[PDB]
Every structure is written in C-alpha cells, then in structure tokens.
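Asks: Reminder that position 1 of the sequence shown reads as 1 in PDB author numbering, one-by-one numbering, no gaps. The beta-carbon is built from N, C-alpha and C at its ideal position, and this holds for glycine as well. Take a look at the following structure, please.
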Amino acid sequence: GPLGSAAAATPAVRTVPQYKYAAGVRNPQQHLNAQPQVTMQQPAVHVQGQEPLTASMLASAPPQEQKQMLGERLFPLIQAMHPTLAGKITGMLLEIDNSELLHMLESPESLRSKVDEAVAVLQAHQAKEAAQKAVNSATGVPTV
Numbered sequence: 001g002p003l004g005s006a007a008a009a010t011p012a013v014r015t016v017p018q019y020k021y022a023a024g025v026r027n028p029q030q031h032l033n034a035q036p037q038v039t040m041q042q043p044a045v046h047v048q049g050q051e052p053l054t055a056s057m058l059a060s061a062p063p064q065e066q067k068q069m070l071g072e073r074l075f076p077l078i079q080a081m082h083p084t085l086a087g088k089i090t091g092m093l094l095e096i097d098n099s100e101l102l103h104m105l106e107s108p109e110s111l112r113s114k115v116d117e118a119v120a121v122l123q124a125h126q127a128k129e130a131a132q133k134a135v136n137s138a139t140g141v142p143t144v
C-alpha cells in the first residue's frame, strides 16, 4: 500500500481483492455447458434512481460530512436496502463494533454489507431481550 492505511502488499491496484473465497470442498461435476452469455441470475432491475449512500459518498465530503452521512444521511437510503427496517441501522453504523464504522467508509460495499449485517443486530436489539432501560441516552428534540 502507498500510504499507511491498509496492509496487503499487492502491486495489483487495478482489480479488487478476492473477497469470495471459493472452497473446493464440494464435488466438481460437469455442467460445463455454460459457454454463451448468461442472462439469468439477474432480474431486469436497471438504475432509475440516483447514486446511493456508501463509502464513495463519504469520501465525497472529506472536509464536510466525511463522518456524518455514514450514519446520519444514509437513513433514507437503508430503507431501500431493507424493507424500511432502517431507523437505527445506519444510525447504528456510527456506533457499531466500530470496525463496521471503518470498513463502511473504506468500501462502497462494506457500508452495505455492514449495514445489512447491523440490521441483524438491530433486530436482535430492538424488540428482543436486548431492551435498554436507559432512556436518557436517547435523543430529545430531533434536529433538521
């Protein structure tokens, strides 16, 4: 790496790291009939809306909301990823394990994978046994 941010030691700064570790534990059958272009496994969902919120968006406001839109502007965006399951997801992303707060700002996919994952954590902390008694740690008058 050029600067002292990450650590991977790879001159291949063109492609993204292989985050998909395909283990060869399964039985490698034939099914080698996939030569032409595959149009399946991908619905007809084009991009009609605008650019969503993520790490890229965060880096778009270095001297502005570099540490804000990550969990204070993503709210209207999460509702898209999850059935209006937001309201706390991204807001949590500014207080989660902290590692998700870092990865989300460093990857245009982390903010999404860590958000969706934080959802599993939000639901487990919502109406579950993770009910908090402290009501003074909450917000008072919502700003705009």
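Consult DSSP for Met40 and reduce its assignment to one of helix, strand or coil.
Replies: Translated into positions along the sequence shown, residue 40 becomes position 40. Correct three-state label for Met40: coil.
Asks: Name the residue from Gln29, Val47 and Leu53 whose alpha carbon lies nearest to the alpha carbon of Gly71.
Replies: One-based indexing of the sequence shown puts residue 71 at position 71. Checked all of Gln29, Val47 and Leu53; the closest Cα to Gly71 is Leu53.
Asks: On a Cα-Cα basis, can you pick out the residue from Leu102, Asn27 and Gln42 that is closest to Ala59?
Replies: Numbered from 1 along the sequence shown, position 59 holds the residue referred to as residue 59. The option with the nearest alpha carbon to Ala59 is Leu102.
Asks: Quick check: what's the CA-CA separation for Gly4 versus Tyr19?
Replies: As a working mapping, residue 4 is identified with position 4 in the sequence shown. As a working mapping, residue 19 is identified with position 19 in the sequence shown. So the alpha carbons of these two residues sit roughly 21 Å apart.
Asks: On the three-pair Cβ rule with 8 Å, is the segment 80 to 97 touching the segment 111 to 126?
Replies: Taking 8 Å as the limit for Cβ pairs, the verdict is that the segment 111 to 126 does touch the segment 80 to 97.
Asks: Only counting runs of 4 or more residues, tell me where the alpha helix (DSSP H) segments fall wholly within the segment 13 to 81, in order along the chain.
Replies: Runs found: 55 to 58 and 75 to 81.
Asks: Short check: CB of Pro108 to CB of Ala55, under 8 Å?
Replies: Within the sequence shown, numbered from 1, the residue matching residue 108 stands at position 108. Within the sequence shown, numbered from 1, the residue matching residue 55 stands at position 55. Yes.
Asks: What span of residues does the alpha helix (DSSP H) with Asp116 cover, start to end?
Replies: Sequence index remark: in the sequence shown, residue 116 carries index 116 (1-based). From DSSP, the alpha helix (DSSP H) with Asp116 extends over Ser110 to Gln123.
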